[PDB]
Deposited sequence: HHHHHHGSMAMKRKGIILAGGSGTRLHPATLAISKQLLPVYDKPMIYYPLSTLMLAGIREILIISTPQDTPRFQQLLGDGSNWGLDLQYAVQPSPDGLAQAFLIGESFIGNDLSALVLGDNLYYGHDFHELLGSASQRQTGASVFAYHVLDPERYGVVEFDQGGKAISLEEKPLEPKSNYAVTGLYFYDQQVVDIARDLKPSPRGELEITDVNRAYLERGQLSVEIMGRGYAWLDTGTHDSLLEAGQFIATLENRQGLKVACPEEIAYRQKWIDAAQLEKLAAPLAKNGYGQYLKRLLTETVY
């Protein structure tokens, strides 16, 4: 136990009224994507990147529920802490809210409703996580880049501009909801002004690194799935996508107890205890099977 290198933040704050009435009772990032709470996925992304000290930011109403779901992290070899965003005034506000949590360390922000799947994903993040200066982002080809921060490249494949929700996007490349930053991000976030939309823009954070030549924009290839959670239709597809992978394989995607176990943050003895409450359903069954099966 802990009373209060790279730190993680999950920004799991309010989506406004766009998925109401589904999200009227509870924020989106506590709803299941197939067999597990949405937040398990970005949590799992951070743990895959090797990050164990992690701040979860949510609305004032829902922190108790996040706190309840995940606890202090210790049962999974994590050190979790919690903070609140009172209004949805931009994703960069994560760096103001998390300022004292970050301290003097390196950091990474993941959106709490972002789903990543694919091969060698541990290596793709460990590469960004090892770059100790500047920021690292990921660009992914999408059909509807107007909804996102859009990267423009020159003919030699070098990032030359970023634009948030452009009316005429410059490419089909969109910045995904996963960001790695050095010790400069907090101080860049403090200097931000609200945009025409009344938000502290993460795209402004990232343009400040671009303007200094310190932004690494790596291509996240078509062979990776960055799954859309923005619409009722896209939530549905995501659960369909995860279910098809888990049913085919008899292996789970973004099972935090398993990831902990593979990183050796918990031992056999602890995994076994975590299997015990859930032993009557499939998820406890999965976790027990992992004790005696070799999975390459």
How would you list, in order, the spans of the deposited sequence that the model does not cover?
1 to 2, 7 to 11
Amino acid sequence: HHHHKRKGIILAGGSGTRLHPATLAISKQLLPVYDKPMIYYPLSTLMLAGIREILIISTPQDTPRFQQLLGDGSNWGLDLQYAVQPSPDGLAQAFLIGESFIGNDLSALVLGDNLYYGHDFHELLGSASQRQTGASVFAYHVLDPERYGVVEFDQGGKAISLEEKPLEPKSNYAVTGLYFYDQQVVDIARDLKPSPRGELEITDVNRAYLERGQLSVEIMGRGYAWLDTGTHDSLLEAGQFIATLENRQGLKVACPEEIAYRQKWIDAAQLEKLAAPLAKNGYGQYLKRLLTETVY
From here on, numbers count along this sequence of modelled residues.
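Definition used throughout: the rigid core is the maximal C-alpha set that superposes within 1.5 Å between two forms.
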State which stretch is farther from the displayed form on average in 9 other deposited structures of this protein, 222 to 230 or 118 to 126, counting RMS CA distance after fitting on the rigid core.
222 to 230
As the entry reports it, the stretch among 66 to 74 and 234 to 242 with higher mean C-alpha B factor is 66 to 74
As the entry reports it, the stretch among 126 to 134 and 219 to 227 with higher mean C-alpha B factor is 126 to 134
Using the temperature factors in the entry, find which of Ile9, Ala12, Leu19, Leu287 has the highest value at its Cα atom.
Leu19
From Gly112, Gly156, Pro145, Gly98, pick the one with the largest CA B-factor in the entry?
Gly156
Record-listed C-alpha B factor of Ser195: chain third:
highest
Using the B-factor values recorded in the entry, state whether the Cα atom of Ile102 falls in the lowest, middle or highest third among the modelled residues of its chain.
middle
Third of the chain, ranked by Cα B-factor, where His141 sits
lowest
Which third, lowest, middle or highest, does the CA B-factor of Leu167 fall in along this chain?
highest
Going by the recorded CA B-factors, say which third of the chain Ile202 sits in, lowest, middle or highest.
middle
